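What follows is a single chain, given as structure tokens, in the form deposited in one PDB entry.
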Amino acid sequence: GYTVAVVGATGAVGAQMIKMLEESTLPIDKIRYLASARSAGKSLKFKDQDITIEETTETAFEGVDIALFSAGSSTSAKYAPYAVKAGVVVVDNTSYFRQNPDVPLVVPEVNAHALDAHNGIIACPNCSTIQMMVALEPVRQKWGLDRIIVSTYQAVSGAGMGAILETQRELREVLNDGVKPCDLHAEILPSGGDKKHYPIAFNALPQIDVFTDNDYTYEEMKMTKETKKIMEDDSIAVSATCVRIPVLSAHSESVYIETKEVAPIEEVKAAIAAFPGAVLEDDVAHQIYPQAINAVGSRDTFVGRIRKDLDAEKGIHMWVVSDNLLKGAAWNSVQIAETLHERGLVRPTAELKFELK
């Protein structure tokens, strides 16, 4: 079997990586948990086995076959190249390597083939992008995609464990201490790395990540650029508005597309239902549609509210929901690893394409 390392084992994604690995078909001979200096020495379970968390260093990756990185952009930038040096194949959850042309950006149901040419690092895309790709790829295959416009409804777990706890504390101060939401103290959301912080309790914050020079946020531009790379078509026009809402887990998206040819709605529904990883949940007569709270804990991506635009001949609207820590991160990553195993791609790279920092 393999020696598998989880870098960032102690965080929100880390925890689900462990869970996904525990339930994986990957043959695992040894599991190693890595994090920062301050977690080193603590113990975390793998199944009933006790594992000792190690500090992430340049020399920690010897003997490792597969390393799943979810420790933040800076940690992958610094240590993933040394893992690749050590003969590791790295599946990276962060955004750091995603737009590097030597790095496949993969959703296994859509572009598993891109894995074949990897140079030791595979990037998992953004959570919001992944679930959109699972929903839209079956439509693109049959009728094409001219443009996408998406507005997201993102859970706070996407911003990390600290954001979850800040959200819960805020809500208790409102409901229990009677604090007005506009009077709440905030430290993390909307973005831990930005200058000002705002309450999320009973709010909707139209900012995920920091702002880019064009007045879209980095989250929104990731949806644009990652979509084009995943579906390998820069002509697909993609514009996003990314919004954080008071949901702990599972992202929801209002997705509008225009296809290249007119796609009968009953066929679109059938095509999505037939696509692996996508579940059709669409029966409005019985008020059936995807819901964040029902999606939590499932690897599937749920699609409903499917309907023609009222005016645009080729326009279609839908509602897409998935657990942002499973298909959106930890399951996509483990699924990439299982796919690498299945296709004989877990082996050291010949050449190094990535600088050692």
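Residue numbers here begin at 1 and follow the sequence given. Throughout, rigid core stands for the largest set of C-alpha atoms superposing within 1.5 Å between the two forms.
The form deposited in another entry exists for this protein as well; it is not shown, and the discussion that follows is about that form.
- Only one candidate in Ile66, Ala292, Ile53, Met318 has its Cα displaced by 2 Å or more between the shown form and the other one after core superposition: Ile53.
- Comparing the forms between the shown form and the other one, the C-alpha position of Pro27 differs by less than 2 angstroms, with the core used for superposition.
- Core-superposed comparison between the shown form and the other one: the CA of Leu340 stays below a 2 Å shift.
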